[PDB]
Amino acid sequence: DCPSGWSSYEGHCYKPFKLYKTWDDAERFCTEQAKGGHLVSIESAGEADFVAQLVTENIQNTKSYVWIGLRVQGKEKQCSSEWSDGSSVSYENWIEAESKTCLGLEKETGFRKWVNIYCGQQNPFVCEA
């Protein structure tokens, strides 16, 4: 019930890509690989195990992360965060790459842990439909 190249798991189709893209480009690319396509959404431990296996069999890098579809929607650098002294945050000097509001799977943690990483990174990914 899935296109050739894709793998089926509990009603959905999954496909890993060894392409190096930013989170934005990856998400967009997925929306184009199939109707209703998106970066993978890991909603249960079982699906996490299925995806980890899919990644281990089609990525193998020992480096770089694998994008998943969970990230901070807004464009803020920090949310509802106030200085410990009690004052509001107005002035800020974040390095864009230090604002790790995207998530990726990584080899060291068996591709089953979501690691906070910079969205502008260029990594492989997994699409889901």
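Each residue number is its position in the shown sequence, starting from 1.
In this entry, the higher average B-factor at the C-alpha atoms falls on 26-34, of the pair 26-34 and 47-55. Taking the mean C-alpha B-factor of each stretch as recorded, 71-79 and 57-65 are not equal, and the higher mean is that of 57-65.
Listed residues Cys13, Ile117, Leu19, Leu105 were ranked by CA B-factor as deposited; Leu19 comes out on top. Of the candidates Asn93, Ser41, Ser99, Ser88, the PDB record gives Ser88 the highest C-alpha temperature factor. In this PDB entry, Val126 carries a Cα temperature factor that places it within the lowest third of its chain's modelled residues.
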